[PDB]
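Presented below is the structure to which this report refers.
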Protein chains: 2
Amino acid sequence: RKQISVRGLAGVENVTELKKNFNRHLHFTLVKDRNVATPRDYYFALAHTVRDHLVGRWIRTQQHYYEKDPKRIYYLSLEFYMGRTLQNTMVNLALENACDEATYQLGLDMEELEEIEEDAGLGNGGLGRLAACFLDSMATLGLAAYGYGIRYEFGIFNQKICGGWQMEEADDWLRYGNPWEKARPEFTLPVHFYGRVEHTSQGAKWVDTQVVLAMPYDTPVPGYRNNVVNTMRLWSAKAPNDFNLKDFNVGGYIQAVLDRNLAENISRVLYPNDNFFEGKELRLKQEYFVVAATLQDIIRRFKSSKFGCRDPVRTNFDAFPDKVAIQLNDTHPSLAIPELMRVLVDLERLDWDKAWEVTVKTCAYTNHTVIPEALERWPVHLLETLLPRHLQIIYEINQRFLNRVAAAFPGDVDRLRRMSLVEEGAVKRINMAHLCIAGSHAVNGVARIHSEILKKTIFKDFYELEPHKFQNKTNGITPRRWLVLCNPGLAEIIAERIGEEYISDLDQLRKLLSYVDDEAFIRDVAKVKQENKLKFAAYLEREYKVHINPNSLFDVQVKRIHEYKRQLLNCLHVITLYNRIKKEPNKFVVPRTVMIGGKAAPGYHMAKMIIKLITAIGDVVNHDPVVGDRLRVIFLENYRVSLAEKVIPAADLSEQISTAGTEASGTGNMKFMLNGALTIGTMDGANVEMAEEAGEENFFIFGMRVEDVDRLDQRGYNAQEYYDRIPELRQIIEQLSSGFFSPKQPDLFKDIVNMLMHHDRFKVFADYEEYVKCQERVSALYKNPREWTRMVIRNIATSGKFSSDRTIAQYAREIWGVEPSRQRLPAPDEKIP
Amino acid sequence: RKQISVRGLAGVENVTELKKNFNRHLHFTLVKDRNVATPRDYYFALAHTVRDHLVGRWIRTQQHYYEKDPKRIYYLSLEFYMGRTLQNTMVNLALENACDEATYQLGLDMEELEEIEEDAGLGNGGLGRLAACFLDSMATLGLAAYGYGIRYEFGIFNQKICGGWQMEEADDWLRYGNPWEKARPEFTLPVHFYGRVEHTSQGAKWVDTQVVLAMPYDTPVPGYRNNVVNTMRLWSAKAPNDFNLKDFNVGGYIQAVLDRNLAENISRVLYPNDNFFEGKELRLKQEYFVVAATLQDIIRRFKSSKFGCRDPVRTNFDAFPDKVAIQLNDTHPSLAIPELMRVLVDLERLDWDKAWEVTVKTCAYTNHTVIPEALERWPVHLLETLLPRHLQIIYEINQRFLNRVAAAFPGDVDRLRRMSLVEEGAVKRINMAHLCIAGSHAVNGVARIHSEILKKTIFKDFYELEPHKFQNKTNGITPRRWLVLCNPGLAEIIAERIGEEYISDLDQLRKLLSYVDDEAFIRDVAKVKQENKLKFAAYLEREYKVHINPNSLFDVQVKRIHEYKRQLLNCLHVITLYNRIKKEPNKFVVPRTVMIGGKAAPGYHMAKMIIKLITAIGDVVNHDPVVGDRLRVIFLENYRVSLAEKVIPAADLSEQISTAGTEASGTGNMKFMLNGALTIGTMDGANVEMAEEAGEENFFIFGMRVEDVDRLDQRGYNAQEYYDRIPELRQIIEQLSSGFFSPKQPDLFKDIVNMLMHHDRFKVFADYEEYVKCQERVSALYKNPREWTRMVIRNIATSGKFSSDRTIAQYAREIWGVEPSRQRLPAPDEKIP
Ligand SMILES: O=P(O)(O)O[C@H]1O[C@H](CO)[C@@H](O)[C@H](O)[C@H]1O
Ligand SMILES: O=P(O)(O)O[C@H]1O[C@H](CO)[C@@H](O)[C@H](O)[C@H]1O
Ligand SMILES: O=P(O)(O)O[C@H]1O[C@H](CO)[C@@H](O)[C@H](O)[C@H]1O
Ligand SMILES: O=P(O)(O)O[C@H]1O[C@H](CO)[C@@H](O)[C@H](O)[C@H]1O
Ligand SMILES: *Cc1c(COP(=O)(O)O)cnc(C)c1O
Ligand SMILES: *Cc1c(COP(=O)(O)O)cnc(C)c1O
């Protein structure tokens, strides 16, 4: 904690320049004086000074792509889980140490001020943090890339526990302002809703629509020390001045204005589910909105290219795929496909068949899950009302698609019903995943098991029609935030031995294999990890008044609360540990702090019941005198990016416990591998490529492989068989059944026990025995320090592959068709032209 | 138009400093480049550079009152009609010419950029523009004064004409931002609504209330060249994070967030009526809100005074009147009275009788009208629901008030029902005007007739109980905006002869009497007025494509459209003029451009019918070939402060035509006297003190005096008598009745004719004959140039009295108890302490 790592150069002219501009923004921007200013005021004076060092290059990077006019990548996501922006901008700009100096000289602690920034919580979990780490890597690799999303007013709710229950409240992240965005009202666009389609003369024209306006807000995304600053464009909904008021017949003037926030409700709140599908109208309107305005912004800056110079016997949209690439993050932007067809056929007047070749060559889709409840099936009755031309375009696309399928698989009548984008049943629906494979030229999974499972199970039919479309790109994590930024010490001690070229070339970590038997490296790695555990132990006791023993194994499961991720199996393990020492008190066991955190989506009653169980286990366990400090269970309240940055560097053991076949990739598992945690995990998602990368000896794999899960499903999963055969498991069911964990509330956990017993979709009891055996094996190693740290050096040295720079260099190469670069653009500036 | 008047010094180091900081805000603040920036971007770079020159003094003026701790004036208004802020700040700071230079040097036209600023339209008419000119004069006179209002999202609607009909639309003034406010989320306060009163032990406690938060936004108000910059604090409503979400039982999570803009609706839109009363709940909530949070801000900075040093055997609220003065602008903040009682008795726990002496000594009320439909009578049933403790405090105040009245006027039973703050009828109501006289120590009218009429008619009972409470302070206008700023040339030519000391000492204009027979002054005055008429003639033809003859009398009536202000009598005059030349075509008449402008409140059907008449008269008159350029009638669309600043300097004749006894003061009449217009007017409001000031020979007074209006009311106004006796008036009624003005729509004006004939509250026909005679007299003078300009020099030299600096020096002296000052505070700065 003496600090001073290579957070860059703290050099004289710059620290001078900085203190000076901090003191100018406090006075001139904040209109605050040295005697009235609080730590929030000073956080902003610094946020504003650091934003200043970035505008030069943002301007330079934007006029630069204009000039050299590359192929542009538009990554469409409904979520961007950015976390906080000050420190990361200082890391990518080389300003961390200069600003630490400058601030200590003004008498302030930088770390005090960085805690003042609220998180940009515009995401739910993995899919949104993926988008965020892709942004960082696209600018670090010099790509002309733009993230396009919604600027939600309220991000993911802030989780609160009251009596061990989750209490949700609004995330008013913008209460205090945002020093990082630049509102752009100049560039507002209209999005159309509802309406009629008239078929008049040569064309459909969508007529009688309500107009909402999409007002943009751009945030800079700086690549790591390469002077590229790209743009995240987030749309906000604005009601028009005329119809939100103007049309003549009494209703009410004041009312007509009060009803504007109704159009403005489209960007008010993030829909809060990880892996579930919400069939609500407001969600489809968010999805059309972001697609609508983004495609306008894409066509505009394509027409301004060398067509708005030579429209080459009219603007030839033929080069549209060679100038545009749009990545659909999940099916949430899938309306991009009938909308690019709507603008091209209806407005730009190309042939259906020309527009279709163009749409397919520019669109590509990333699939993020296999579980059927997460998939989007939008009821035809609401695409008909709200978007009646896009339904016609989708019925037409369906038609032409299945005409291909019939010609390829002639006579095969069940094929055709299975492939259809239009699903019959009572509610006739539209399968959006089907629309994206049909209309994209590449479809990909986020981990090699996941990509094989799509080819083999879920989109088998589609693989047999167009095998070449299906690809894989295993996920990644950005080493800048997820190593340099959250773990300045680990990055430091690596930097001493192998240099710094690895923050943008993480494969170089393999060079650390050579230090596995070097006692200097083995004590420094063990030292960083104790420093981080002591810092988190102290955060806990100050910010949250809990007190934990820093000398125990820090056992942590942090991710959204869902049944397939199996916090229940980990709770079953904690109660085994509790009971093995209550029957044999004076038996020594390796001590551990079990920390579980994550948010439940608000009406998912099972996940909300899981958080009540965990707090109930901690109520018992943490106050048993026979237990002592040997075991404490801790629920980790309001988990999100800033909390992940402090708890992942302090973990010894990482829980990655999903039923094989259910977690498509996972990325918390990589964040933890980077930071000196060992993984206990099933062979699911990217855990399989991580154990292959580090070797299975250096990993703690247990449980059913996918084969084993299918064998059991053919057979029939019967959870009673496990109740019968394992007395310890028997014992826990009756502790839950008979009120041990809910004394004055005894029947309380009756539906988690019932679900386990009769309705376990994720067959928790089946991996239990082999999981408590694998847990005996990690405590064996922990009590042998030097040998835990060598297995740790083996995981950190093998993290390479899992950087998002690799994942994006593969998207670029094999899907977008751009070559990454790392040549620092010659910014900043001084100048004006 | 060569320009260069004394708009200050354009001096070398400063113009250097300016261009430099303009170019820094364009790059760093606007994140715009010289090749991408538009006139809006450049307006903001300049707005931001000019705001910078003001923050030094704002900080200095605020720490300065802290230190010397004066008596503070809080002017509570629900309206502040500010207009645009760039130019006025440059005028009060001496930056006009330095910035004109700086901008021409960057190659831009300042006047092009000033048209980019939208108006702060937070007001309806006179009452709100009064508040605005009081703000300017309070800072020019060094008063520690704070305007407190609501920060409305949508100001007064923007008026649009479609087929001669007014079309209202939302004033999205903030669409682009506001370079002038400084949001202060740090200082957010809660306001309570609904609830119960529990009577428990020693006290009522208001319990079970919904909380809304009042988030402040401060705008600087710079005095004219004296380095004082005071604060306008405008509250915005914010929903809380907990109950706008948190309390447990299903309803909906997304819904609970979408329902926040419901609490946030309290500051969304200005209520749009000049002189009418809206009994709607949302209005009362705006009124409680602004009172609630302001009183919190007042008590806070009173406790921080030398009580938060010595609470002198507890905080003695005894000095509260000697440290606090709160001016109630109309009854719209009257809840300040039971709220100061609520905090003092309920929370601070003083005796009713001690708190009452304190409340009365700090509160004072300005009455703005006599017409009964504008008065506030809030139904008890909604003060009971929404504000149940304040109703108890008001029933108690009523009680104690009438106990005084009975003791003073013993036996006088009708007195007591007339005085009551609580009015019986079906709907039992609360007379808010009655509450303010009861609870204030000074009550005042806004013109000497108006103040005599309150003593004699409306609050006679109250004058007989407390004669000493009733005062007068005739209104005013700020010479800075309403002379220097809109008429730089007139100010210039005056400045040459008598110097500049008059912009803060307007009485010095009398020294101009000496120049009435000086031919240099007589041609320069006549020259300015033709330059202004040519500039407005050109604005008209560019911005609004109309074309008018600049050599005709510019006859203008601009104010809100209401029956008592009598745009109908002026329309009757225009049609007489039209017809006197259609019967005698080749008769020479003095040519005039009749311009009428103003907004109708949206559901006032009569005023909306008056705007359709005027446009209908222009449809006829403006296309009659026999008329030629001799007569054009023009309706002046979307009237407000920026349009008043361009049309008032270009007027020759000012219409001030209300029924005597109805316009309490008027302030457009003063703006026009300052700017070389002659007044045709009844002896109403401040027209009486203006003609007394200039002398009746130099004024065009006509019509019934108040006596004459009463004599007619006892008699009975019969409009048929005037139809019978005046053939020209006869003739116009049948032109309206028989479709001359609405050919294909012939029955169209049937209820204006019917109202004139049977229901004229403002007896238009009674002043008609004497008004068309007074109109022959102004055209006689107009065709004698040298003699119009001498009557003009007589009005401009007599404007003195009507400056708001005099009005505020009288409020200060005779009501607040502070002595004005004009000593320039030693700001700006450089420094930090
Ligand atoms: O959406 P665009 O035009 O590509 O990006 C927009 O902001 C950029 C950064 O200020 C400018 O350089 C562009 O000229 C501007 O129009
Ligand atoms: O939103 P979640 O569930 O955290 O994340 C979802 O997309 C992520 C990024 O592709 C994957 O790692 C997860 O396996 C998937 O379930
Ligand atoms: O409401 P207050 O405290 O009187 O005014 C507030 O803004 C002023 C100008 O920045 C400061 O000087 C005060 O210290 C601050 O607390
Ligand atoms: O809102 P309005 O009607 O323009 O203005 C109202 O208050 C003004 C300021 O005291 C007075 O001059 C007007 O006579 C009065 O009717
Ligand atoms: C990386 C990240 C995720 C993803 O975690 P998984 O364990 O892959 O499901 C979710 N939440 C946060 C805050 C993250 O940083
Ligand atoms: C001064 C002013 C008013 C007041 O006009 P009156 O003629 O007194 O009713 C109303 N509107 C605007 C825009 C003003 O400037």
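As a basis for the values below, the full set of heavy atoms in this structure was taken, side chains included, without hydrogen atoms, waters or symmetry mates. Naming convention: chains lettered A, B, ... in sequence-line order (proteins, then strands); numbering from 1 in each chain.
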side-chain hydrogen bond (donor to acceptor under 3.5 Å, both in side chains) test vs A:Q656 passes for just one of A:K565, A:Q557, A:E663, A:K559, namely A:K559
One thing to verify: whether A:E655 and A:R566 come together as a salt bridge, which I'm taking to mean a side-chain N less than 4.0 angstrom from a carboxylate O.
no
ring-ring contact (aromatic ring centres under 6.0 Å, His included) with A:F134: of A:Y75, A:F80, A:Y81, only one passes, and it is A:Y75
Of the non-hydrogen atoms in A:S804 and A:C133, which two are nearest, and what is the gap between them?
OG-O, 3.6 Å
With side chain to side chain donor-acceptor pair (under 3.5 Å) as the criterion, how do A:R794 and A:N698 come out once you've worked through the C-alpha distance, each side chain's angles and the decisive distance to 0.1 Å?
CA-CA 7 Å; A:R794 235 79 56 79; A:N698 301 291; 3.2 Å; yes
Pair A:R481 + A:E645, salt bridge at N-O below 4.0 Å
yes
For the CD1 atom of A:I503 and the OG1 atom of A:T140, what is their distance to the nearest 0.5 Å?
11.0 Å
Looking at A:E637 and A:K599, does any basic side-chain N land under 4.0 Å from a carboxylate oxygen?
no
A:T593 vs A:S552, side chain to side chain donor-acceptor pair (under 3.5 Å): CA-CA, chis, key distance, verdict:
CA-CA 6 Å; A:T593 302; A:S552 52; 2.8 Å; yes
Between the side chains of A:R497 and A:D518, is the shortest nitrogen-to-carboxylate-oxygen separation below 4.0 Å, so that they form an ion pair?
yes
Please assess A:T231 against A:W58 for the test side chain to side chain donor-acceptor pair (under 3.5 Å), listing each intermediate value before the final yes or no.
CA-CA 8 Å; A:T231 295; A:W58 194 10; 3.1 Å; yes
Non-hydrogen atoms of A:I793 and A:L512 that approach each other most closely:
CG2-O, 3.8 Å
For A:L513, does the CG atom have more than 12 heavy-atom neighbours from other residues, nucleotides or ligands under 6.0 Å away?
yes
Basic-acidic side-chain contact under 4.0 Å: A:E117, A:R84
no
Which distance, rounded to the nearest 0.5 Å, do you find between the CG of A:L95 and the CZ of A:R225?
9.5 Å
SB check A:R129 A:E79 (cutoff 4.0 Å)
no
Side-chain ion pair, A:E787 and A:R790, N-O less than 4.0 Å:
yes
Is it true that A:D507 and A:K801 have a side-chain N and a carboxylate O under 4.0 angstrom from each other?
no
Might you work through the side chain to side chain contact (heavy atoms under 4.5 Å, CB included) test for A:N795 and A:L678, ending with a clear yes or no?
CA-CA 7 Å; A:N795 280 244; A:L678 259 31; 3.8 Å; yes
Using a strict cut-off of less than 4.0 Å between a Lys/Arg side-chain nitrogen and an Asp/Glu carboxylate oxygen, indicate whether A:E531 and A:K535 qualify as a salt bridge.
yes
Is it the case that over 12 heavy atoms from other parts of the model lie below 6.0 angstrom from the CD atom of A:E697?
yes
For residues 483-490 of chain A, dump all side-chain donor-acceptor pairs below 3.5 Å to protein atoms at least two apart in sequence or in another chain.
from, atom 1, to, atom 2, distance (Å)
A:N487, OD1, A:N532, ND2, 2.9
A:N487, ND2, A:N675, OD1, 2.8

Roughly how far, to the nearest 0.5 Å, is CZ of A:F699 from CD1 of A:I680?
10.5 Å
Does this structure show an ion pair linking A:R40 with A:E115, if we count only N-O contacts that are shorter than 4.0 Å?
no
Examine A:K533 relative to A:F554 and say whether NZ or CZ is less than 6.0 Å from the centre of the six-membered ring and inside a 45° cone about the ring axis.
yes
A:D136 bridged to A:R480 by N-O distance under 4.0 Å:
yes
Is it true that, when you exclude A:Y544 itself, more than 12 heavy atoms of the residues, nucleotides or ligands shown sit nearer than 6.0 Å to its OH?
yes
Considering all heavy atoms, the nearest A:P820-A:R813 contact
CG-NH2, 3.6 Å
Between A:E501 and A:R822, is there a salt bridge with N-O shorter than 4.0 Å?
yes
